[PDB]
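Worksheet for the structure shown next.
Side chains included, hydrogens not; waters and symmetry mates left out as well; all remaining heavy atoms used. Atoms within each ligand, like the ligands themselves, are counted from 1 in listed order. We're numbering straight along the sequence, starting at 1.
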Amino acid sequence: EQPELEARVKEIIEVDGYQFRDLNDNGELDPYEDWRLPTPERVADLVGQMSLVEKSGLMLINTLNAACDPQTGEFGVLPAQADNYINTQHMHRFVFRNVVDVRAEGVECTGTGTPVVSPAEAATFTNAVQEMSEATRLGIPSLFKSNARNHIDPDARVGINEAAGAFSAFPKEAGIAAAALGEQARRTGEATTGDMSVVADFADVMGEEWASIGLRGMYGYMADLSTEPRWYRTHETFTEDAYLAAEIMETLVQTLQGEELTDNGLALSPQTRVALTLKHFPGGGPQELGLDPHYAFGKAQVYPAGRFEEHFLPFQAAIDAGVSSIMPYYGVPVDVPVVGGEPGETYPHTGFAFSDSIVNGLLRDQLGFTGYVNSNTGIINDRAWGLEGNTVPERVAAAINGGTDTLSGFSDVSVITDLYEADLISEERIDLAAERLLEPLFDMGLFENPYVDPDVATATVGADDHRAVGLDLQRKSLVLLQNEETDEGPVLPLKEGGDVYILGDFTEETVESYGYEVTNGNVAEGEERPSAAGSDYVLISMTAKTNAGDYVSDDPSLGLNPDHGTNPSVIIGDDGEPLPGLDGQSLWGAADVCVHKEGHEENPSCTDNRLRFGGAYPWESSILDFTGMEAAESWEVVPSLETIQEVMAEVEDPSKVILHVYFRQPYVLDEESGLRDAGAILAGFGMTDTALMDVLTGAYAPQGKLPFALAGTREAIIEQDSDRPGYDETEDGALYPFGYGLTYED
Ligand SMILES: [Zn+2]
Ligand SMILES: [Zn+2]
Ligand SMILES: [Zn+2]
Ligand SMILES: [Zn+2]
Ligand SMILES: [Zn+2]
Ligand SMILES: [Zn+2]
Ligand SMILES: [Zn+2]
Ligand SMILES: [Zn+2]
Ligand SMILES: [Zn+2]
Ligand SMILES: [Zn+2]
Ligand SMILES: [Zn+2]
Ligand SMILES: [Zn+2]
Ligand SMILES: [Zn+2]
Ligand SMILES: [Zn+2]
């Protein structure tokens, strides 16, 4: 019965043979401090005791990184704006964005940048914040959220962490789904919804580790579906399939949040290791032409196969399991029938984050949701699609009244009060937000004990057993797409010994240690590449990435160059008039406010410039084939297809070539490229070379299955339905279907 308490500022008081934390220092025990009451009473006691500014401070969530003092050499101390946020803005929600790792030899505090922090330093920092948060008048604790931390960067495989001090490395989201499908297939012969014991294994490690540093919240995971392969965010999606996606969100929510649901229907208890903020509701996947609504040319989400409801299925599974919070997306649902509405009705052509239809209607009224909504970061001011002319206060008001409870990237309470004083937001609405936002903190036990032992984080983050679990999923995520049968047998597994030529991110000594003489075809562009003739095997680690850093919306060379074509997207506004740039006939940069200059500001800045969040030049977003990407402006194939093609010809039989492809997006192995001529082709999703060599040499056999289908032609890419998985409705069809994957047979 008696909860474990820890108080660092306020004092512990006894009542009825029990201890409680006197958070408001009034000397006696308030209901909101009485852990014996149900949470609805503790919230009501607390909301009533709260000033309006304090209640408004709960509607703010912004970055609060750990810092280092350049004068003590101590890492993981409070940053500068910490005092402000907690004591002045009364914030209690932050995003923690330091890399947690063991710092290199010789790394000092630069006073600038975001320092890498150790597990014990990170927890010392979050503890420091909780101690400050406890010094507040009422003493409300803080909650930290963060983006994913346990996934390998398939672009930085050399520095994958194989030691303690860093979060255990697992494959990317899709690789986890690849492992779950392959583990189901291995056990049953079916590859449909997956074997979620994999997902629970991963999520159980992520939970212990995140919790051990006092990071009890997540911006994620992503429930978006990779139904549109030209979307650049497919690298953070688990699958294209809504059903597998739904089973994964369920398991994630159960594992990370717990299976004990409150009366309010939320998986929130003191054993809740990480409360999820699932994103991006009601599904961010079906982007028209794959263009992302971070950008003015990409505001549109279209549903040609009428799958709006499938895309939010994973969200309903997570809601039903009790997901704590939801973040909407900022794309615009184009001509989408209202769920549960009367015939002919469609959702407003406004960004989801501003539609009461979507965040109050669909989310809370049609689906079960009973938690709080967290907005996206950096969208209110510059990306309130369908509200171009509105002022910034009008936009914040729209999102708030539309159902958003806390504002991401916001750290000035004045904003909320200014809108309340301007009568665009009721104090009733504020109180509602405050009740939704305090509920998890009570239920998670942060009002009794919000601290962590930093010595224990050291022993937890990247423990040997956690890393082993990570490495298990790494090996199970590898999908073997092609394995030629030669006269002497199948290309994989490799024979013992031999001369190996490597191209791409490969750790030579790791490959060498499996018993191979290795030649390294990786040379600085000045130096000369050794030839691959006479190699017994060729290992190529390839991917594709965008170099669109040069895009500018209003330059007639790029964004406004008629030679680049027109934006086919059409979004008819509220009024019956097309949105600027989105009439179907406009130049690509035409939708950027720096062009149409709509809004209460005369000289706005380009919102799309540099394409900083990712994605190709919009006129190049369908170039997903490797021959096309080689020749494109904003696409780079790594290593160059020129070099890979030179190499596959220096070698006698292209059957000795083994391609390890990171399909960051569903890239197309076009016939012209010649890659299909490789003897073996694998889709990798983030693994160490130990994991890769373990499979390639036959210590373990491949068993992953594709969590999304791959096309063989660019036409299939243009024709597929942005909201529909696979390529079966296209004239060329799939190269490999969803759920495909070979294994060895001896
Ligand atoms: Zn009593
Ligand atoms: Zn009290
Ligand atoms: Zn406060
Ligand atoms: Zn189920
Ligand atoms: Zn202010
Ligand atoms: Zn101790
Ligand atoms: Zn453990
Ligand atoms: Zn060597
Ligand atoms: Zn030799
Ligand atoms: Zn051009
Ligand atoms: Zn051959
Ligand atoms: Zn060829
Ligand atoms: Zn054709
Ligand atoms: Zn599709």
Side-chain angles (χ1 to χ4, degrees), residues 3 5 7 9-16 18-37 41-60 62 80-81 83-91 134-141 380-381 392-393 396 407 409-422 438 442 447-448 482 484 532 538 540 542 625-627 630 641-657 659 668-681 712-713 735:
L5 296 213
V9 174
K10 305 292 167 56
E11 202 165 340
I12 302 289
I13 71 136
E14 195 199 300
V15 168
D16 296 1
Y18 283 123
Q19 297 88 291
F20 311 81
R21 294 206 306 158
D22 178 25
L23 293 188
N24 59 13
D25 216 4
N26 73 342
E28 220 148 348
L29 157 63
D30 292 54
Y32 87 88
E33 319 163 325
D34 191 10
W35 45 262
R36 302 173 299 180
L37 318 185
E41 273 152 58
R42 300 184 60 183
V43 153
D45 186 73
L46 173 70
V47 180
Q49 200 168 154
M50 283 182 74
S51 77
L52 173 81
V53 45
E54 287 174 343
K55 292 183 292 185
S56 304
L58 298 185
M59 304 187 58
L60 304 177
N62 206 359
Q81 69 281 8
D83 194 330
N84 175 35
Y85 289 10
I86 293 182
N87 295 316
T88 304
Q89 315 296 331
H90 316 283
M91 296 173 83
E134 194 193 336
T136 71
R137 185 182 68 89
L138 304 171
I140 307 182
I380 280 76
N381 296 10
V392 161
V396 181
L407 292 168
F410 283 67
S411 50
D412 174 45
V413 133
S414 320
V415 172
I416 300 301
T417 63
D418 283 351
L419 297 154
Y420 155 74
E421 288 153 357
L438 290 158
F442 280 106
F447 274 94
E448 274 64 60
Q482 175 168 292
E484 185 180 322
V538 191
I540 299 190
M542 40 173 320
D625 47 290
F626 287 102
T627 311
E630 184 76 342
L641 188 44
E642 211 180 61
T643 309
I644 297 159
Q645 262 157 10
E646 292 180 10
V647 161
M648 292 186 64
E650 299 173 345
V651 83
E652 217 178 38
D653 201 347
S655 309
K656 302 152 151 200
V657 174
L659 307 180
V668 173
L669 298 170
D670 64 275
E671 295 167 79
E672 184 193 344
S673 75
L675 306 160
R676 296 188 206 195
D677 286 316
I681 302 172
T713 78
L735 182 60

Salt-bridge contact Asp670-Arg676 (side-chain N to carboxylate O under 4.0 Å):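 No, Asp670 and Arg676 are not salt-bridged.
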
Salt bridge check, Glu134 against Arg21: does any charged N sit closer than 4.0 Å to a carboxylate O?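 Yes, this pair counts.
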
Which atom, among the N/O/S set of [X], is closest to the Zn ion (ligand 2)?
X: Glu28; result: O
X: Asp30; result: OD1
X: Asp22; result: OD1
X: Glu33; result: OE1

Quick one: [atom1] on [X] to [atom2] on [Y], what's the gap to the nearest 0.5 Å?
X: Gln49; Y: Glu54; atom1: CD; atom2: CD; answer: 9.0 Å
X: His90; Y: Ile416; atom1: NE2; atom2: CD1; answer: 13.0 Å
X: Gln645; Y: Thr627; atom1: CD; atom2: OG1; answer: 6.5 Å
X: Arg42; Y: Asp30; atom1: CZ; atom2: CG; answer: 10.5 Å

Can you check whether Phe447 and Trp35 have ring centres sitting under 6.0 Å from each other?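 For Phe447 and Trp35, the ring centres are not under 6.0 Å apart.
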
Salt bridge (charged side-chain N to carboxylate O under 4.0 Å, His left out): pairs with one or both residues in residues 411-422, sequence neighbours excluded: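 Not a single pair qualifies under salt bridge (charged side-chain N to carboxylate O under 4.0 Å, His left out).
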
If I consider every N, O or S atom in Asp677, which one ends up closest to the Zn ion (ligand 12)? I only need its name.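 The atom in question is OD2.
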
Determine whether the side chains of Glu484 and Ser655 contain a donor N or O and an acceptor N or O closer than 3.5 Å.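 There is such a pair (donor and acceptor under 3.5 Å, judged by atom type) between the side chains of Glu484 and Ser655.
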
N/O/S atom of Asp25 inside 2.8 Å of the Zn ion (ligand 2), strictly under: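 No N, O or S atom of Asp25 is closer than 2.8 Å to the Zn ion (ligand 2), so no.
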
Which protein N, O or S atoms lie under 2.8 Å from the Zn ion (ligand 5), given by chain and residue number?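 Those protein N, O or S atoms (cut-off: under 2.8 Å from the Zn ion (ligand 5)) are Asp412 OD1, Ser414 OG.
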
